[PDB]
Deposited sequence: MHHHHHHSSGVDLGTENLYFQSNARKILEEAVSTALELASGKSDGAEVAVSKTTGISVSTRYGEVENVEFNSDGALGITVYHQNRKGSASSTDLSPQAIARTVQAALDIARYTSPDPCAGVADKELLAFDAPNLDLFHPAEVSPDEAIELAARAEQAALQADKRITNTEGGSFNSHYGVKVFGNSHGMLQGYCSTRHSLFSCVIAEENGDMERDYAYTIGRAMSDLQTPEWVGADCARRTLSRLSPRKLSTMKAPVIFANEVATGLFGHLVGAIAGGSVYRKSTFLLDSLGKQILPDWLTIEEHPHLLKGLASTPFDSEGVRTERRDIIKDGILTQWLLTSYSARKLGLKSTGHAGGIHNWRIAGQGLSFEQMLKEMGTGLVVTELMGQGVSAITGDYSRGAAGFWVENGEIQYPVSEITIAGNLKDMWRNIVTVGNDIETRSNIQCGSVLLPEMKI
């Protein structure tokens, strides 16, 4: 009957819209329901297995340009009725906003593309427990120095999403996500690290044995870290933290903070903020993409674009509201970015180390030191020290401090070792000599 979840949610949406139709000028309703299994293995203990159903119905109602908003995790008929009633009532207490309303009819995806996001695992619950347990065992076995387990785990979920609005849009789609992980502790002083694999289809996942081995390799690599004196060094952001480095851009080009005049990129539109060979491509329509979407949280059509082209920032990321505040049309960004890709410059991670030849590789960062207003950047870091093109030893208690404007603009190169498990996908990046 989960084969019927889409038709169940379509009723929830259209019932909500009907209830609201007479009492409002416009309304937007979104439902999603994500269900599936979480397995947790602790070596030499009973595994824990759960079935989780987590869902929401959001509604936004517009009356006299006054916005009500209500959301309910409970999808029963009376619960939807109360939520709708709550939005309507709230809209009686709020200040009118001529910039507020349903998304422009011409931008809605009335017929939404099939993105092939749905790949249900055919796995036994027992089979899933063995996956999780196998990953944990691979890690624990790899070295004598690994004395502890935080466990293995497996997750498989299928989501169903439906959006509708009073312009007459009703569209919905299904998706799947599976993952496998393990976490262990190694001792010499003490370190803990994890490894994982993720994908929309089971065939996209790495083996348990790969995850354990990788989990062991990482944790063992971190053992007995040294400290650096303050110095000038070039710096590599390993692909896993490099993605987050470009991730800061999202907040700085957000339409919301633009009209609020709160981003350090406010004057930068159409200007080069990054090296001239670097292009950030957005592919919201990618088949089976981790971040792929048929339409955004407002039902707006979603678009293939280079957000950055030859180093130049081409566009803001806009919703209906921030587009209207800026006198533009929404870019289909309500709810975030969909699938960023940054091409490598033709080298491996190992080739970059040889390239740099002495410097820091940052494999992990801590805290928020990153200001959207000023572009100021200060973050705790750990990683490896490199000499002669080869990693010497792990290091920690480091601070990476700069401005994102300067960091971004002066990037030396980006690698081909691509982190594929995230929304934003790129390789390691080499920064010019800085203070660390």
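According to the record, C-alpha coordinates are lacking for deposited residues 1-19, 208-209.
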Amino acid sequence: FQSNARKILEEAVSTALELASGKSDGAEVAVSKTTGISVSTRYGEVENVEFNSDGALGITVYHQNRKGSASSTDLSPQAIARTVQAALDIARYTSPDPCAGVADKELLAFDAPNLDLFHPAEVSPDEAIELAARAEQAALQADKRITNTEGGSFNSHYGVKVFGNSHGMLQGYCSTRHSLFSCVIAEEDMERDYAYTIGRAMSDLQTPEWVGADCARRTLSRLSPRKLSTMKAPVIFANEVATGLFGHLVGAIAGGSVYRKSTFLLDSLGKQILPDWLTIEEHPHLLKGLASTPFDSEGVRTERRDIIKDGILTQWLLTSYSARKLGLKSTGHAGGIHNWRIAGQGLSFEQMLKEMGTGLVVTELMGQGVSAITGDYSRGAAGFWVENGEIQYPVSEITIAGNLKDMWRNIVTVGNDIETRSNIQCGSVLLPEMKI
From here on, numbers count along this sequence of modelled residues.
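In this entry, 224-232 has the higher mean Cα B-factor, the comparison being between 111-119 and 224-232. Just going by the entry, 168-176 versus 213-221 on mean CA temperature factor gives the higher value to 213-221.
Looking only at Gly255, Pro96, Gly270, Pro284, the residue with the top Cα B factor in the deposited structure is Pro96.
For the set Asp296, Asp310, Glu303, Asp74, the maximum C-alpha B-factor listed in the entry falls on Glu303.
In this PDB entry, the Cα temperature factor of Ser262 sits in the top third of its chain's modelled residues, the highest group. When the CA B factors of the chain's modelled residues are split into thirds, the value for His333 lands in the lowest one. Ranked by C-alpha B-factor against the other modelled residues of its chain, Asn65 falls in the highest third. Placement of the Cα temperature factor of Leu290 within the chain: middle third of the modelled residues, per the deposited record. Among the modelled residues of its chain, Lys161 has a C-alpha B-factor that falls in the middle third according to the deposited record.
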